[PDB]
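data34.txt (compact mmCIF, C-alpha atoms and all ligand atoms)
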```
# COMPACT_ATOMS: atom_id res chain seq x y z
CA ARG W 511 26.44 4.25 5.13
CA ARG W 512 29.03 1.51 5.67
CA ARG W 513 28.19 -2.15 5.13
CA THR W 514 26.75 -4.09 8.04
CA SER W 515 26.80 -7.45 6.27
CA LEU W 516 28.76 -9.73 3.94
CA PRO W 517 27.70 -11.11 0.54
CA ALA W 518 27.91 -14.68 1.86
CA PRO W 519 27.83 -16.07 5.39
CA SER W 520 30.81 -17.67 7.05
CA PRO W 521 30.85 -21.51 6.92
CA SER W 522 29.70 -23.66 9.83
CA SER W 523 33.28 -24.86 10.31
CA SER W 524 35.88 -26.29 7.95
CA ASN W 525 38.71 -26.97 10.43
CA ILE W 526 38.99 -30.70 9.58
CA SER W 527 42.39 -30.16 7.94
CA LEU W 528 43.62 -28.30 11.05
CA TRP W 529 43.78 -31.57 12.99
CA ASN W 530 46.51 -33.15 10.87
CA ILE W 531 48.23 -29.86 10.03
CA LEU W 532 48.76 -29.00 13.68
CA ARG W 533 49.54 -32.49 14.96
CA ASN W 534 52.29 -32.95 12.33
CA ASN W 535 54.07 -29.70 13.22
CA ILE W 536 54.19 -29.69 16.98
CA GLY W 537 56.92 -27.24 17.99
CA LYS W 538 57.57 -26.04 14.41
CA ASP W 539 57.29 -22.51 12.97
CA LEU W 540 53.74 -22.14 11.71
CA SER W 541 54.45 -19.24 9.39
CA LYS W 542 56.22 -21.83 7.20
CA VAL W 543 53.31 -24.33 7.17
CA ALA W 544 50.93 -23.54 4.31
CA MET W 545 47.26 -23.86 5.28
CA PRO W 546 44.02 -24.07 3.25
CA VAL W 547 42.19 -20.79 2.56
CA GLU W 548 39.03 -22.14 4.22
CA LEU W 549 40.64 -21.61 7.63
CA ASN W 550 41.11 -17.86 7.00
CA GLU W 551 38.77 -14.91 7.61
CA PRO W 552 38.25 -11.93 5.23
CA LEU W 553 40.91 -9.83 7.02
CA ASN W 554 44.72 -10.04 6.97
CA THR W 555 47.37 -9.11 9.54
CA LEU W 556 47.52 -5.55 8.14
CA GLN W 557 43.80 -5.04 8.66
CA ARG W 558 44.12 -6.71 12.08
CA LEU W 559 46.59 -3.99 12.92
CA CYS W 560 43.98 -1.45 11.85
CA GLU W 561 41.41 -2.93 14.27
CA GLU W 562 43.57 -1.77 17.22
CA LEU W 563 42.05 1.65 16.47
CA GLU W 564 38.42 0.61 17.06
CA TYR W 565 38.50 2.54 20.35
CA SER W 566 40.71 5.35 19.06
CA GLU W 567 38.43 7.88 20.80
CA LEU W 568 40.34 7.09 24.00
CA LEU W 569 43.37 8.80 22.49
CA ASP W 570 41.18 11.66 21.26
CA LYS W 571 40.12 12.15 24.89
CA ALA W 572 43.67 11.88 26.25
CA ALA W 573 44.75 14.47 23.66
CA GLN W 574 43.08 17.27 25.68
CA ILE W 575 43.68 16.02 29.26
CA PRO W 576 46.43 18.16 30.90
CA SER W 577 47.39 15.76 33.70
CA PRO W 578 49.99 13.24 32.51
CA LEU W 579 48.71 10.52 34.88
CA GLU W 580 45.16 10.68 33.50
CA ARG W 581 46.55 10.61 29.97
CA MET W 582 48.43 7.51 31.06
CA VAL W 583 45.23 5.91 32.38
CA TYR W 584 43.36 6.45 29.11
CA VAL W 585 46.27 5.26 26.96
CA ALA W 586 46.51 2.15 29.15
CA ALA W 587 42.86 1.47 28.52
CA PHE W 588 43.53 1.97 24.80
CA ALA W 589 46.35 -0.62 24.96
CA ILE W 590 44.02 -3.09 26.67
CA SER W 591 41.17 -2.27 24.24
CA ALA W 592 43.22 -3.64 21.36
CA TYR W 593 42.36 -7.10 22.84
CA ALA W 594 38.54 -6.90 23.20
CA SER W 595 37.89 -7.91 19.59
CA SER W 596 39.82 -11.20 19.88
CA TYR W 597 37.38 -12.60 22.45
CA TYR W 598 34.66 -13.48 19.93
CA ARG W 599 37.03 -14.56 17.16
CA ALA W 600 38.51 -16.94 19.75
CA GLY W 601 40.31 -19.12 17.25
CA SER W 602 40.63 -17.38 13.90
CA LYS W 603 43.34 -17.04 11.33
CA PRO W 604 44.06 -13.83 9.36
CA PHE W 605 45.33 -13.82 5.81
CA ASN W 606 49.08 -13.85 5.47
CA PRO W 607 49.81 -10.66 3.50
CA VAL W 608 51.95 -10.84 0.34
CA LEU W 609 55.33 -9.08 0.28
CA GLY W 610 54.64 -5.47 -0.66
CA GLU W 611 50.89 -5.85 -0.02
CA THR W 612 49.46 -2.66 1.44
CA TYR W 613 46.32 -1.70 3.24
CA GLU W 614 44.75 1.66 3.90
CA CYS W 615 41.76 3.02 5.78
CA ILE W 616 40.74 6.66 5.43
CA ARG W 617 38.15 7.21 8.17
CA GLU W 618 36.75 10.72 8.16
CA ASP W 619 34.52 9.19 10.85
CA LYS W 620 37.15 8.82 13.57
CA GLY W 621 39.33 11.49 11.97
CA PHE W 622 42.27 9.21 11.23
CA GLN W 623 44.41 8.18 8.27
CA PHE W 624 45.74 4.59 8.47
CA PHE W 625 48.10 2.77 6.12
CA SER W 626 50.27 -0.32 6.36
CA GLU W 627 52.63 -2.53 4.37
CA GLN W 628 53.84 -6.13 4.66
CA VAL W 629 57.54 -5.32 4.77
CA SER W 630 58.83 -8.90 4.94
CA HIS W 631 57.57 -12.41 4.18
CA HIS W 632 60.36 -14.72 5.45
CA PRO W 633 59.62 -14.08 8.34
CA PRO W 634 56.23 -12.34 7.92
CA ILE W 635 56.31 -8.77 9.27
CA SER W 636 53.55 -6.14 9.18
CA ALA W 637 54.14 -2.39 9.65
CA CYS W 638 51.53 0.31 10.13
CA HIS W 639 51.12 4.05 10.65
CA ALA W 640 47.95 6.10 11.36
CA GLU W 641 47.94 9.90 11.50
CA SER W 642 45.43 12.20 13.18
CA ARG W 643 45.09 15.72 14.50
CA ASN W 644 44.67 14.25 17.98
CA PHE W 645 47.36 11.53 17.83
CA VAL W 646 49.83 9.47 15.78
CA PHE W 647 49.77 5.68 16.16
CA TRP W 648 52.40 3.37 14.68
CA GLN W 649 53.83 -0.06 15.18
CA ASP W 650 55.87 -2.91 13.83
CA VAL W 651 54.89 -6.52 14.53
CA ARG W 652 56.19 -10.04 13.82
CA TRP W 653 55.33 -13.45 15.34
CA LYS W 654 56.79 -16.55 16.94
CA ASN W 655 53.66 -18.78 16.91
CA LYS W 656 53.86 -22.48 17.72
CA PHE W 657 51.44 -25.35 18.30
CA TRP W 658 52.13 -27.63 21.26
CA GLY W 659 50.16 -30.85 21.57
CA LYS W 660 46.78 -29.31 22.46
CA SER W 661 47.11 -25.54 22.43
CA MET W 662 48.44 -22.80 20.24
CA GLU W 663 50.78 -20.11 21.48
CA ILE W 664 50.88 -16.74 19.74
CA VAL W 665 53.93 -14.71 20.71
CA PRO W 666 54.01 -11.20 19.21
CA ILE W 667 57.19 -9.16 18.96
CA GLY W 668 57.59 -5.41 18.31
CA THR W 669 56.46 -2.48 20.42
CA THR W 670 53.55 -0.11 19.78
CA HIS W 671 53.95 3.68 19.80
CA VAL W 672 51.51 6.55 20.26
CA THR W 673 52.14 10.30 20.24
CA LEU W 674 49.75 13.14 21.27
CA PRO W 675 49.66 16.45 19.30
CA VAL W 676 49.64 19.19 22.00
CA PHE W 677 51.64 17.80 24.96
CA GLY W 678 54.67 16.12 23.28
CA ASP W 679 53.92 12.63 24.62
CA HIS W 680 55.51 9.42 23.29
CA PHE W 681 53.95 6.24 24.69
CA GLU W 682 55.73 2.94 24.04
CA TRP W 683 54.47 -0.47 25.18
CA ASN W 684 54.97 -4.18 24.49
CA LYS W 685 52.66 -6.94 23.28
CA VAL W 686 51.66 -9.82 25.59
CA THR W 687 51.44 -13.62 25.14
CA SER W 688 48.26 -15.23 23.79
CA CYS W 689 47.06 -18.81 23.98
CA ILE W 690 44.29 -20.55 22.08
CA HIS W 691 42.94 -23.50 24.08
CA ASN W 692 41.02 -26.36 22.49
CA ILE W 693 41.80 -25.48 18.90
CA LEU W 694 41.64 -29.08 17.74
CA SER W 695 38.70 -28.97 20.15
CA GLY W 696 36.39 -28.62 23.03
CA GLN W 697 35.18 -25.09 23.76
CA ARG W 698 37.74 -23.06 21.83
CA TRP W 699 38.78 -19.93 23.67
CA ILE W 700 41.56 -17.36 23.61
CA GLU W 701 43.49 -16.22 26.67
CA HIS W 702 45.90 -13.28 27.02
CA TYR W 703 48.51 -13.39 29.76
CA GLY W 704 51.60 -11.44 30.71
CA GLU W 705 52.64 -7.93 31.72
CA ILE W 706 52.36 -4.78 29.61
CA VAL W 707 54.69 -1.94 30.56
CA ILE W 708 53.71 1.45 29.19
CA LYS W 709 56.32 4.19 29.37
CA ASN W 710 56.07 7.82 28.27
CA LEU W 711 59.51 8.46 26.83
CA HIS W 712 58.90 12.21 27.00
CA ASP W 713 57.36 12.48 30.46
CA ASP W 714 59.29 11.25 33.51
CA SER W 715 56.22 11.73 35.78
CA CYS W 716 54.72 8.25 35.62
CA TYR W 717 54.75 4.75 34.15
CA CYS W 718 52.12 2.02 34.06
CA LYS W 719 52.00 -1.78 34.51
CA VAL W 720 49.04 -3.95 33.41
CA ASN W 721 49.00 -7.65 34.32
CA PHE W 722 46.80 -9.99 32.24
CA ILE W 723 46.03 -12.88 34.64
CA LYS W 724 45.97 -16.51 33.41
CA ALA W 725 43.42 -18.87 34.99
CA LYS W 726 40.99 -21.77 34.53
CA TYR W 727 38.20 -21.30 31.96
CA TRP W 728 35.34 -21.40 34.50
CA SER W 729 37.06 -19.06 36.99
CA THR W 730 35.86 -15.65 38.09
CA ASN W 731 39.45 -14.46 37.37
CA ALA W 732 39.52 -15.39 33.67
CA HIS W 733 40.09 -12.35 31.41
CA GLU W 734 40.97 -10.22 34.45
CA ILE W 735 43.50 -7.40 34.45
CA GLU W 736 45.37 -5.87 37.39
CA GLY W 737 47.11 -2.62 36.52
CA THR W 738 48.72 0.27 38.35
CA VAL W 739 49.89 3.75 37.42
CA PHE W 740 53.05 4.53 39.37
CA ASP W 741 54.68 7.92 39.96
CA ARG W 742 58.51 8.20 39.49
CA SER W 743 59.05 7.21 43.12
CA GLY W 744 57.42 3.82 42.47
CA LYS W 745 54.21 4.45 44.51
CA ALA W 746 50.80 3.33 43.29
CA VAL W 747 48.57 6.28 42.33
CA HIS W 748 45.65 4.76 40.39
CA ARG W 749 44.52 1.13 40.14
CA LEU W 750 43.01 -0.48 37.05
CA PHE W 751 40.73 -3.51 37.13
CA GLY W 752 38.10 -5.34 35.08
CA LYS W 753 38.07 -7.80 32.19
CA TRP W 754 39.79 -7.04 28.86
CA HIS W 755 36.70 -8.13 26.91
CA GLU W 756 33.89 -6.37 28.84
CA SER W 757 34.78 -3.26 30.89
CA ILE W 758 37.75 -1.45 32.39
CA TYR W 759 37.59 0.55 35.60
CA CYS W 760 39.98 2.93 37.26
CA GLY W 761 40.18 3.75 40.93
CA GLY W 762 40.24 0.71 43.19
CA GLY W 763 39.79 2.21 46.64
CA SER W 764 37.96 5.37 47.75
CA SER W 765 36.13 5.69 44.41
CA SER W 766 35.87 3.93 41.01
CA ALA W 767 34.80 4.76 37.47
CA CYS W 768 34.31 2.79 34.27
CA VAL W 769 36.78 4.18 31.74
CA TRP W 770 36.06 1.77 28.89
CA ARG W 771 33.51 -0.78 27.64
CA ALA W 772 33.51 -3.08 24.64
CA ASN W 773 31.19 -2.11 21.82
CA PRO W 774 28.12 -4.32 21.39
CA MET W 775 28.53 -6.90 18.72
CA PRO W 776 26.30 -6.72 15.61
CA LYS W 777 23.06 -8.63 15.99
CA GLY W 778 23.75 -12.13 14.70
CA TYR W 779 27.54 -11.48 14.47
CA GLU W 780 28.09 -15.28 14.67
CA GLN W 781 27.09 -15.64 10.99
CA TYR W 782 29.85 -13.21 9.81
CA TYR W 783 33.10 -14.59 11.29
CA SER W 784 32.15 -12.90 14.59
CA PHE W 785 33.52 -9.66 13.20
CA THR W 786 32.86 -6.48 15.08
CA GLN W 787 30.93 -3.74 13.28
CA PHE W 788 34.34 -2.12 12.79
CA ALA W 789 35.92 -5.25 11.32
CA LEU W 790 32.98 -5.51 8.90
CA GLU W 791 33.99 -2.25 7.26
CA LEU W 792 37.72 -2.85 6.76
CA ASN W 793 37.41 -4.85 3.55
CA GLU W 794 34.54 -2.94 1.96
CA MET W 795 35.44 -1.05 -1.20
CA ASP W 796 33.61 2.22 -1.93
CA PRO W 797 33.20 3.29 -5.57
CA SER W 798 34.76 6.75 -5.19
CA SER W 799 37.87 5.85 -3.14
CA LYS W 800 38.56 2.92 -5.53
CA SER W 801 40.27 5.33 -7.95
CA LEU W 802 42.55 6.69 -5.16
CA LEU W 803 43.73 3.29 -3.95
CA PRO W 804 47.02 1.77 -5.06
CA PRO W 805 46.78 -1.64 -6.80
CA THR W 806 48.69 -3.24 -3.89
CA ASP W 807 45.84 -2.52 -1.47
CA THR W 808 44.20 -5.56 0.14
CA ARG W 809 40.61 -4.84 -1.01
CA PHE W 810 42.04 -5.73 -4.44
CA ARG W 811 43.48 -9.16 -3.32
CA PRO W 812 41.31 -11.70 -5.22
CA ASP W 813 41.50 -14.83 -2.99
CA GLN W 814 40.50 -12.85 0.12
CA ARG W 815 37.57 -11.20 -1.70
CA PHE W 816 36.37 -14.49 -3.17
CA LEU W 817 36.45 -15.76 0.42
CA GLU W 818 34.12 -12.96 1.56
CA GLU W 819 31.85 -13.79 -1.36
CA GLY W 820 31.71 -17.42 -0.20
CA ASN W 821 33.57 -18.78 -3.27
CA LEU W 822 35.90 -21.32 -1.66
CA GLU W 823 37.10 -23.04 -4.81
CA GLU W 824 38.05 -19.91 -6.68
CA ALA W 825 39.53 -18.47 -3.47
CA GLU W 826 41.87 -21.46 -3.13
CA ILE W 827 42.83 -21.23 -6.80
CA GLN W 828 43.77 -17.57 -6.45
CA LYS W 829 45.73 -18.19 -3.24
CA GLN W 830 47.97 -20.89 -4.71
CA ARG W 831 48.48 -18.76 -7.81
CA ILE W 832 49.49 -15.75 -5.66
CA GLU W 833 51.91 -17.97 -3.73
CA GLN W 834 53.59 -19.19 -6.91
CA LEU W 835 53.84 -15.59 -8.13
CA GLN W 836 55.39 -14.40 -4.86
CA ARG W 837 57.92 -17.24 -4.97
CA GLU W 838 58.93 -16.47 -8.52
CA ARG W 839 59.33 -12.78 -7.65
CA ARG W 840 61.55 -13.39 -4.61
CA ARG W 841 63.35 -15.73 -7.00
CA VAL W 842 64.11 -13.07 -9.59
CA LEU W 843 64.99 -10.57 -6.85
CA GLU W 844 67.51 -12.84 -5.28
CA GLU W 845 69.11 -13.99 -8.45
CA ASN W 846 70.34 -10.38 -8.78
CA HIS W 847 71.64 -10.31 -5.16
CA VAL W 848 69.33 -7.33 -4.39
CA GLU W 849 67.55 -7.16 -1.02
CA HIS W 850 63.91 -6.12 -1.16
CA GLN W 851 62.98 -2.60 -0.19
CA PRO W 852 59.46 -1.79 0.96
CA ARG W 853 57.81 1.24 -0.58
CA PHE W 854 56.43 3.19 2.38
CA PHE W 855 58.50 2.13 5.39
CA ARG W 856 62.19 2.61 6.02
CA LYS W 857 64.04 0.58 8.61
CA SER W 858 65.10 2.66 11.56
CA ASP W 859 67.16 0.76 14.22
CA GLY W 860 65.23 -2.50 14.15
CA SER W 862 61.75 -1.25 13.53
CA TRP W 863 59.88 -0.35 10.35
CA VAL W 864 58.67 3.25 10.41
CA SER W 865 56.89 5.43 7.87
CA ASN W 866 59.13 7.23 5.35
CA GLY W 867 56.52 10.01 4.93
CA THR W 868 55.47 9.11 1.40
CA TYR W 869 52.09 7.32 1.47
CA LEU W 870 49.52 10.09 2.01
CA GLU W 871 51.69 12.63 0.19
CA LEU W 872 51.68 10.47 -2.97
CA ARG W 873 47.99 9.62 -2.46
CA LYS W 874 47.17 13.35 -2.90
CA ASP W 875 45.07 14.19 -6.00
CA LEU W 876 45.03 10.70 -7.59
CA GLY W 877 48.85 10.82 -7.48
CA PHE W 878 49.06 7.02 -7.24
CA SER W 879 47.83 6.83 -10.86
CA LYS W 880 51.03 8.42 -12.20
CA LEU W 881 53.45 5.78 -10.79
CA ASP W 882 53.30 2.01 -11.09
CA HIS W 883 53.55 -0.61 -8.34
CA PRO W 884 54.50 -4.29 -7.97
CA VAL W 885 51.89 -6.65 -9.40
CA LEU W 886 51.05 -9.15 -6.65
CA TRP W 887 48.06 -10.65 -8.49
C1 LIG P 901 46.75 -16.11 14.80
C2 LIG P 901 47.69 -14.91 14.92
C3 LIG P 901 48.11 -14.42 13.54
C4 LIG P 901 49.55 -14.80 13.24
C5 LIG P 901 49.75 -15.13 11.77
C6 LIG P 901 50.83 -14.27 11.11
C7 LIG P 901 51.76 -15.11 10.23
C8 LIG P 901 51.05 -16.08 9.28
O1 LIG P 901 50.08 -15.73 8.67
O2 LIG P 901 51.53 -17.41 9.13
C9 LIG P 901 50.77 -18.22 8.27
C10 LIG P 901 50.42 -19.59 8.87
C11 LIG P 901 49.89 -20.41 7.69
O3 LIG P 901 50.24 -19.74 6.51
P1 LIG P 901 49.25 -19.36 5.20
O4 LIG P 901 48.04 -18.52 5.56
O5 LIG P 901 48.81 -20.61 4.48
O6 LIG P 901 50.28 -18.47 4.27
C12 LIG P 901 51.19 -19.09 3.40
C13 LIG P 901 52.41 -19.68 4.14
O7 LIG P 901 53.09 -18.69 4.87
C14 LIG P 901 53.37 -20.28 3.10
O8 LIG P 901 54.45 -20.90 3.73
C15 LIG P 901 53.91 -19.21 2.14
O9 LIG P 901 54.68 -19.87 1.17
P2 LIG P 901 56.26 -19.44 0.94
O10 LIG P 901 57.03 -19.45 2.26
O11 LIG P 901 56.81 -20.47 -0.03
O12 LIG P 901 56.40 -18.05 0.38
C16 LIG P 901 52.78 -18.44 1.44
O13 LIG P 901 53.28 -17.28 0.80
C17 LIG P 901 51.62 -18.03 2.37
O14 LIG P 901 50.51 -17.76 1.57
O15 LIG P 901 49.37 -19.51 9.81
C18 LIG P 901 49.59 -19.41 11.20
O16 LIG P 901 50.41 -18.71 11.70
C19 LIG P 901 48.73 -20.22 12.15
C20 LIG P 901 47.69 -19.37 12.88
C21 LIG P 901 46.37 -20.14 13.07
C22 LIG P 901 45.30 -19.27 13.74
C23 LIG P 901 44.36 -20.00 14.71
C24 LIG P 901 43.40 -21.02 14.08
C25 LIG P 901 42.30 -21.32 14.74
```
What do you get writing this file as structure tokens?
Amino acid sequence: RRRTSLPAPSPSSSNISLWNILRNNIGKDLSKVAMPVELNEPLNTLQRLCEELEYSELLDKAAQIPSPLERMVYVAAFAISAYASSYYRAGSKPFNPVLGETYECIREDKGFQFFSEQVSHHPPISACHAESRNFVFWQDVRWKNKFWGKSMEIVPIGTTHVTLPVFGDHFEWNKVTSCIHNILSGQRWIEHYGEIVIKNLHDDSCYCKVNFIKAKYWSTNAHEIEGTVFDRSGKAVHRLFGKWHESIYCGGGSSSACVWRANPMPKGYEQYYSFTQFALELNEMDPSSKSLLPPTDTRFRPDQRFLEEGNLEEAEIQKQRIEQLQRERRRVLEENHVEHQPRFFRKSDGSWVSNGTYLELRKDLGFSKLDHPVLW
């Protein structure tokens, strides 16, 4: 049904430019350092946000569990699951979405409706919302990435929210710190360290803490997680252990059970940017839905598509042209002293949340009646 391959394979490696680019900007803000298209992968930060739903069935399961603590356990696993994918794409760069660029994924498969918009470019900020009968997932993310002499630090900012449709739950949790070791080189690998605190704003009963342990590459502790579900009193009720890229278990003492396991990677995934089966389907465009998409949707972005098709020269041409276009548009917008307003997200306190207009206007080819910004 869905594609399980790409028109052209990913290149051996073309990270020669990365050496000088990163050594010349130690300590500087990388979102301001333009980089060749050859370093990118066919997905952008909006689609990367969509991948956090690969294991969305965890929420489907928590949607019918009446105990709040078990619901907490499964949602914690879901929060950790958002990291599995990064293990194989150890060092990989997503496309930087254009201001106003949008991305959608209608999956009748997992019963969810996902959409997102790049609400800001200076600094880059991605916002997303996914709706389902069994949950509502939404978040706002921005970065503070920097390259120090031999390693890259990815610092995400913005919390993630999930709501369940029959219990009234509102889960809110923070992103953790990531490090890419040996980017310039050796064995390039990604590490995730820090503490995730998951709170249920609606249910006082419990809270959860998941620690992502940092260690030496060859250690039996690398990729480990130590989590606990605490009652209001502050007493440990359920332990969580395992490795964020293989399996997650609950229990710890008397008993134990595996609550989550990474999906097997496609046979020969190494030849396709080490994408997961899920990631392979995000940029595919299906003849019927093409008419329902808005022209700002990423599958339309020409440089990214040429990249999938293995056309490096024409991909680079399109990228620089899109950059010049974006600059001239922010130019015209600021010569009139008018701030930019995104189309599907309004700014509540500091976050970017859905303004309830995407799906509604998508109804019955409704996008065809209006007209959108031309980003390419
Ligand atoms: C990895 C986690 C994802 C975090 C990334 C999220 C933020 C992000 O896309 O910033 C991009 C940087 C490199 O910009 P790049 O792709 O050339 O995007 C261009 C630049 O932002 C450029 O300054 C801008 O010009 P303008 O300002 O004139 O408008 C253009 O509009 C953009 O096209 O890349 C990086 O952040 C470096 C990450 C390298 C990944 C690891 C490699 C192995």
Ligand LIG 901 (chain P): which residues are within 7 Å, counting only C-alpha atoms and all ligand atoms? Reply as a short mmCIF file (atom, residue, chain, number, x, y, z; two decimals) with C-alpha atoms, in the frame of the given file.
```
data_model
loop_
_atom_site.label_atom_id
_atom_site.label_comp_id
_atom_site.auth_asym_id
_atom_site.auth_seq_id
_atom_site.Cartn_x
_atom_site.Cartn_y
_atom_site.Cartn_z
CA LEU W 540 53.74 -22.14 11.71
CA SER W 541 54.45 -19.24 9.39
CA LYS W 542 56.22 -21.83 7.20
CA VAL W 543 53.31 -24.33 7.17
CA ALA W 544 50.93 -23.54 4.31
CA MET W 545 47.26 -23.86 5.28
CA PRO W 546 44.02 -24.07 3.25
CA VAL W 547 42.19 -20.79 2.56
CA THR W 555 47.37 -9.11 9.54
CA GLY W 601 40.31 -19.12 17.25
CA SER W 602 40.63 -17.38 13.90
CA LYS W 603 43.34 -17.04 11.33
CA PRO W 604 44.06 -13.83 9.36
CA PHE W 605 45.33 -13.82 5.81
CA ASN W 606 49.08 -13.85 5.47
CA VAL W 608 51.95 -10.84 0.34
CA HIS W 631 57.57 -12.41 4.18
CA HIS W 632 60.36 -14.72 5.45
CA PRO W 634 56.23 -12.34 7.92
CA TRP W 653 55.33 -13.45 15.34
CA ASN W 655 53.66 -18.78 16.91
CA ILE W 664 50.88 -16.74 19.74
CA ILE W 693 41.80 -25.48 18.90
CA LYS W 829 45.73 -18.19 -3.24
CA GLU W 833 51.91 -17.97 -3.73
CA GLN W 836 55.39 -14.40 -4.86
CA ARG W 837 57.92 -17.24 -4.97
#
```
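Considering all atoms listed in the file, the residue among W:685, W:709, W:513, W:771 positioned nearest to residue 649 in chain W is W:685.
Distances from W:744, W:761, W:633, W:860 to residue 580 in chain W were compared using all atoms listed in the file, and the smallest one belongs to W:761.
We find CA of residue 783 in chain W and CA of residue 663 in chain W to be spaced 21.1 Å apart.
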Item to check | Among listed residues W:732, W:518, W:708, W:848, nearest residue 589 in chain W (using only C-alpha atoms) | outcome: W:708
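What separates CA of residue 734 in chain W from CA of residue 572 in chain W is a distance of 23.7 Å.
For the pair CA of residue 636 in chain W and CA of residue 595 in chain W, the interatomic distance is 18.9 Å.
Distances from W:571, W:726, W:691, W:809 to residue 795 in chain W were compared using all atoms listed in the file, and the smallest one belongs to W:809.
Between residue 660 in chain W and the residues W:594, W:579, W:629, W:536, the shortest atom-to-atom distance, using all atoms listed in the file, involves W:536.
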Checklist entry - From the set W:704, W:582, W:772, W:699, which residue has the shortest atom-to-atom contact distance to residue 682 in chain W, counting all atoms listed in the file? => result W:582
Select from range 790-865 of chain W every residue with an atom at most 9 Å from any atom of range 613-619 of chain W, then for each give the shortest pair of atoms and their distance in Å to one decimal, using only C-alpha atoms, rows by chain and rising number, as CSV.
```
residue,atom,partner,partner_atom,distance
W:792,CA,W:615,CA,7.2
W:803,CA,W:614,CA,8.1
W:806,CA,W:613,CA,7.7
W:807,CA,W:613,CA,4.8
W:808,CA,W:613,CA,5.4
W:809,CA,W:613,CA,7.8
```
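Around residue 672 in chain W, within 8 Å and counting all atoms listed in the file, the residues found are residues 645, 646, 647, 648, 679, 680, 681 and 682 of chain W, once anything fewer than 5 positions away on its own chain is removed.
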Since we have the selection now, will you write its residues out, keeping C-alpha atoms, as a compact mmCIF listing (two decimals), keeping the file's coordinate frame?
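This is the output file out.txt:
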```txt
# COMPACT_ATOMS: atom_id res chain seq x y z
CA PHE W 645 47.36 11.53 17.83
CA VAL W 646 49.83 9.47 15.78
CA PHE W 647 49.77 5.68 16.16
CA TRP W 648 52.40 3.37 14.68
CA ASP W 679 53.92 12.63 24.62
CA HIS W 680 55.51 9.42 23.29
CA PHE W 681 53.95 6.24 24.69
CA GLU W 682 55.73 2.94 24.04
```
Return as lines of an AutoDock Vina configuration file the centre and edge lengths, in Å with one decimal, of the box along x, y and z that encloses every atom of range 813-816 of chain W in the file, padded by 3 Å per side.
```
center_x = 38.9
center_y = -13.0
center_z = -1.5
size_x = 11.1
size_y = 9.6
size_z = 9.3
```
Tell me, as a JSON list (two decimals) with C-alpha atoms, in the frame of the given file, which residues lie within 10 Å of residue 883 in chain W, counting all atoms listed in the file; anything in the same chain fewer than 5 positions away does not count.
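In the end it all went to selection_17.json:
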```
[["chain", "number", "residue", "atom", "x", "y", "z"],
["W", 610, "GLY", "CA", 54.64, -5.47, -0.66],
["W", 804, "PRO", "CA", 47.02, 1.77, -5.06],
["W", 805, "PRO", "CA", 46.78, -1.64, -6.80],
["W", 806, "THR", "CA", 48.69, -3.24, -3.89],
["W", 853, "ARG", "CA", 57.81, 1.24, -0.58],
["W", 878, "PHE", "CA", 49.06, 7.02, -7.24]]
```
Checklist entry - So which residues touch residue 875 in chain W within 8 Å, counting only C-alpha atoms, skipping near sequence neighbours fewer than 2 positions away, as a PyMOL selection string? => result chain W and resi 802+873+877
Export of prior selection with C-alpha atoms as a tab-separated table (two decimals), in the coordinates of the input:
```tsv
chain	number	residue	atom	x	y	z
W	802	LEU	CA	42.55	6.69	-5.16
W	873	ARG	CA	47.99	9.62	-2.46
W	877	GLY	CA	48.85	10.82	-7.48
```
Next on the checklist: Tell me which residues come within 10 Å of (37.7, -5.9, 32.4), as a VMD selection string, counting only C-alpha atoms in the file's coordinates.
Outcome noted: chain W and resid 587 590 to 591 594 722 732 to 736 750 to 759 768 770 to 772
Given the selection you just returned, output its residues as a file containing C-alpha atoms, formatted as a PDB file, in the frame of the given file.
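Full text of again_21.pdb as output:
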```pdb
ATOM      1  CA  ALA W 587      42.860   1.470  28.520  1.00  0.00           C
ATOM      2  CA  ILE W 590      44.020  -3.090  26.670  1.00  0.00           C
ATOM      3  CA  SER W 591      41.170  -2.270  24.240  1.00  0.00           C
ATOM      4  CA  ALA W 594      38.540  -6.900  23.200  1.00  0.00           C
ATOM      5  CA  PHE W 722      46.800  -9.990  32.240  1.00  0.00           C
ATOM      6  CA  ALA W 732      39.520 -15.390  33.670  1.00  0.00           C
ATOM      7  CA  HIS W 733      40.090 -12.350  31.410  1.00  0.00           C
ATOM      8  CA  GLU W 734      40.970 -10.220  34.450  1.00  0.00           C
ATOM      9  CA  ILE W 735      43.500  -7.400  34.450  1.00  0.00           C
ATOM     10  CA  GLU W 736      45.370  -5.870  37.390  1.00  0.00           C
ATOM     11  CA  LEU W 750      43.010  -0.480  37.050  1.00  0.00           C
ATOM     12  CA  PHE W 751      40.730  -3.510  37.130  1.00  0.00           C
ATOM     13  CA  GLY W 752      38.100  -5.340  35.080  1.00  0.00           C
ATOM     14  CA  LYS W 753      38.070  -7.800  32.190  1.00  0.00           C
ATOM     15  CA  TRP W 754      39.790  -7.040  28.860  1.00  0.00           C
ATOM     16  CA  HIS W 755      36.700  -8.130  26.910  1.00  0.00           C
ATOM     17  CA  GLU W 756      33.890  -6.370  28.840  1.00  0.00           C
ATOM     18  CA  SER W 757      34.780  -3.260  30.890  1.00  0.00           C
ATOM     19  CA  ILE W 758      37.750  -1.450  32.390  1.00  0.00           C
ATOM     20  CA  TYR W 759      37.590   0.550  35.600  1.00  0.00           C
ATOM     21  CA  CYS W 768      34.310   2.790  34.270  1.00  0.00           C
ATOM     22  CA  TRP W 770      36.060   1.770  28.890  1.00  0.00           C
ATOM     23  CA  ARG W 771      33.510  -0.780  27.640  1.00  0.00           C
ATOM     24  CA  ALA W 772      33.510  -3.080  24.640  1.00  0.00           C
TER      25      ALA W 772
END
```
